[PDB]
Amino acid sequence: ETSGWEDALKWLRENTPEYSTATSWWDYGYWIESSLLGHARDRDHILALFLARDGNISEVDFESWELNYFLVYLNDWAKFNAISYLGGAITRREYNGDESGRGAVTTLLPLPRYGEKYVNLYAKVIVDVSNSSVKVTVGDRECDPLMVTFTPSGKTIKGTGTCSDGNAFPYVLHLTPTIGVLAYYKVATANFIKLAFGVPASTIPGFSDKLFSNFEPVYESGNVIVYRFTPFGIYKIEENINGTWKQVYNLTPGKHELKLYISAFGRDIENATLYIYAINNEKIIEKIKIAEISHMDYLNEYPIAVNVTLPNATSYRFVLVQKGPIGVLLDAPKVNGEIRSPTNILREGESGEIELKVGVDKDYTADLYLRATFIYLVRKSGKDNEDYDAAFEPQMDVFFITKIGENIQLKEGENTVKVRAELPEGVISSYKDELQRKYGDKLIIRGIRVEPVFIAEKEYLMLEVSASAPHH
Ligand SMILES: [Ca+2]
Ligand SMILES: [Cl-]
């Protein structure tokens, strides 16, 4: 009955921090554990933006949510038209047809291997490759994909993107040793495909290499894969070997002339410090400060040259440190004694004493702000929101309003924090006007949150490499 979910959730319980936060599309994790074994709606839009898109626009600030693990569920391909629609990748027409039931499209279709062919019986789709040029049958029709691609073989073949019926066949076929996937052009390089079916396809060079430094697969079950997430990662390490830069995968002790290629996902690096932690047996034996980055654009990274001397150890951890959000509320916060929603802790122009129970996996000294999060849609096509040509681009804008907590000392475990706070008169309605002004009738606000966020210097694991020997 389970598709690997119970095994995956089990793994999380046993191999991750107590206050570590996991996520999944449509929140299956919570549902499986709560309802079956004893997000919200605004975030669904942002999760879809990520999963259904590719390139710059798919780079979502998951860090604001303090996300640690992401669980993709292969079976979600079945709900991809919805995800695509919610993520702004397709129009209402392509999502489920128009007034006369026409236009719907099948965004994703998995084609498991059938001895030399790829077939999806339910869909009456057959992919005959052995004939060398690739043959695709869909129903009675014979169709030629816009492009077919193979991995690892990285080969690729252009195609007419049409069917024997002559009609348009705007689909891309990605083939892999164990499975194939047919994908509508608007989502042919969607991140979900990369994460779930292992097709590194992206129309932006380097994006895929970077994405995987940000989402590391730490565990896999049936049709479930859990990814460790880090807004900051290293996707490539070059070492100077004869004036020539070369890509390495491990490091030996000693001096090194290195080039680090960092991937920043969703947010900028701001006043950060890079380090190399010498590890001997899941035990840190030395923390080597190696750099300082005052600023790196999350959409325009640049490599960083680095000269380091490393001890022996068994592994090395590249860690980055900068102000980020921390803490997990352990109960509903209270304002003046009364229980209030943690997502809307204070109304505009309201004040009161706030009490919060916060949990952390280590000791932290942090600031406490009230932060606003606006998740909203902007119609990118069509005459009005009811037009079937409409597609809606989800957007997330977050900003801190005011600091209500100074130099708070949080200790590993539960912590109680009472503090007086005031939400300035006009802040929320002001910004809502700023939006209405920029997008007019195209605007559709889906969520406004006012939350108590604890900010502090936190460590981000970018990459861990094993120590190797120069000769073997
Ligand atoms: Ca990036
Ligand atoms: Cl944040």
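Criterion first (within 16 Å of ligand 2 (Cβ to nearest atom) and within 29 Å of the chain's Cα centre (by Cα)) does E292 satisfy it?
no
Anything in the stretch 239-263 that is more than 16 Å from ligand 1 (Cβ to nearest atom) and among the aromatic types (F, W, Y)? List them, or say none.
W245, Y249
I'd like to know if the stretch 210-232 contains one or more residues that are surrounded by fewer than 16 Cβ atoms within 10 Å (Cβ to Cβ) and of a type in the set (S, T, N, Q).
The answer is no; no qualifying residue exists.
Filter the stretch 437-447 for residues that are over 21 Å from the mean Cα position of the chain (by Cα) and surrounded by 17 or more Cβ atoms within 10 Å (Cβ to Cβ); which is farthest from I404 (Cα to Cα)?
This residue is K442.
In the set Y369, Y388, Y376, which member is farther than 30 Å from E425 by Cβ, surrounded by 14 or more Cβ atoms within 10 Å (Cβ to Cβ) and away from ligand 1 (no atom under 16 Å from the Cβ)?
Exactly one residue qualifies, and that residue is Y388.
A quick yes/no check of all residues on (1) in contact with a helix residue (DSSP H, G or I) (Cβ under 7 Å, 6 or more places away or on another chain); (2) in the same structural domain as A372 (by CATH); (3) within 25 Å of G327 (Cβ to Cβ); (4) part of a helix (DSSP H, G or I):
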| site | (1), (2), (3), (4) |
| --- | --- |
| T2 | no, no, no, no |
| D7 | no, no, no, yes |
| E18 | no, no, yes, no |
| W31 | no, no, yes, yes |
| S35 | no, no, no, yes |
| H39 | yes, no, yes, no |
| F50 | yes, no, yes, yes |
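Looking only at residues in the stretch 57-105 that are away from ligand 2 (no atom under 16 Å from the Cβ) and at positive phi, which one is nearest to the chain's Cα centre (by Cα)?
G88
Name the single residue, out of those in the stretch 382-425 being on the phi > 0 side of the Ramachandran plot and assigned to a strand (DSSP E or B), that is nearest to the chain's Cα centre (by Cα).
Among those that are on the phi > 0 side of the Ramachandran plot and assigned to a strand (DSSP E or B), it is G413.
With buried (at least 19 other Cβ atoms within 10 Å of the Cβ), outside any strand (DSSP E or B) and hydroxyl-bearing (S, T, Y) as the only criterion, which of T203, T189 stands out? Quick ask: steps written out before the conclusion?
Details: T203 fails: buried (at least 19 other Cβ atoms within 10 Å of the Cβ).
Of the residues listed, the single one that is buried (at least 19 other Cβ atoms within 10 Å of the Cβ), outside any strand (DSSP E or B) and hydroxyl-bearing (S, T, Y) is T189.
Go through the stretch 341-381 and give me each residue that's among the small types (G, A, S) and assigned to a loop (DSSP other than H, G, I, E, B). Break it down stepwise before answering.
Filtering the stretch 341-381 down to residues among the small types (G, A, S) leaves 341, 349, 351-352, 359, 366, 372, 381.
Listed by number, the residues that qualify are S341, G349, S381.
So, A390, is that one in contact with a helix residue (DSSP H, G or I) (Cβ under 6 Å, 6 or more places away or on another chain), within 28 Å of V60 (Cβ to Cβ) and not β-branched (V, I, T) or not?
Criteria met by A390.
Which condition number does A305 fail, the rest of (1) surrounded by 17 or more Cβ atoms within 10 Å (Cβ to Cβ); (2) within 28 Å of the chain's Cα centre (by Cα) being met?
Result: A305 passes all but (1).
Give the residue that is nearest to ligand 2 (Cβ to nearest atom), with candidates limited to residues of the stretch 196-207 that are in contact with a helix residue (DSSP H, G or I) (Cβ under 8 Å, 6 or more places away or on another chain) and closer than 26 Å to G222 by Cβ. Outline the logic, then answer.
Within the stretch 196-207, the first condition is being in contact with a helix residue (DSSP H, G or I) (Cβ under 8 Å, 6 or more places away or on another chain), and the residues that meet it are 196-197, 199-202, 204.
If we keep only those that are closer than 26 Å to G222 by Cβ as well, we get 196-197, 199-201.
Numbers: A196: 27, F197: 31, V199: 31, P200: 29, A201: 31 Å.
Filtering the stretch 196-207 for residues that are in contact with a helix residue (DSSP H, G or I) (Cβ under 8 Å, 6 or more places away or on another chain) and closer than 26 Å to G222 by Cβ, the one nearest to ligand 2 (Cβ to nearest atom) comes out as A196.
Can you tell me which residue is farthest from ligand 1 (Cβ to nearest atom) among those in the stretch 52-66 that are of a type in the set (D, E) and assigned to a loop (DSSP other than H, G, I, E, B)?
In this case the residue turns out to be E66.
Which of the residues that make up the stretch 221-247 are assigned to a loop (DSSP other than H, G, I, E, B) and among the hydroxyl-bearing types (S, T, Y)? Walk me through how you get there before you give the answer.
Taking the stretch 221-247 first, the residues assigned to a loop (DSSP other than H, G, I, E, B) are 221-223, 230-231, 241-244.
Once the filter is applied, which keeps residues that are assigned to a loop (DSSP other than H, G, I, E, B) and among the hydroxyl-bearing types (S, T, Y), the stretch 221-247 yields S221, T230, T244.
Any chance you could count how many residues in the stretch 324-340 are in a strand (DSSP E or B), farther than 26 Å from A278 by Cβ and within 16 Å of ligand 2 (Cβ to nearest atom)?
Count: 3.
Any residue that is crowded, with 18+ Cβ neighbours inside 10 Å and assigned to a loop (DSSP other than H, G, I, E, B) - is there at least one of those in the stretch 67-85? Before the answer, list the steps.
Taking the stretch 67-85 and keeping what is crowded, with 18+ Cβ neighbours inside 10 Å, we get 67-74, 76-77, 80-85.
Okay, now just the ones that are also assigned to a loop (DSSP other than H, G, I, E, B), so 67-68.
Yes: one or more hits.
Basis: the model, the stated rules and, where named, an outside source; no laboratory read-out is quoted. Quick reminder, even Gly has a Cβ in these numbers, built from the backbone with ideal geometry, and neighbours come from all protein chains shown.
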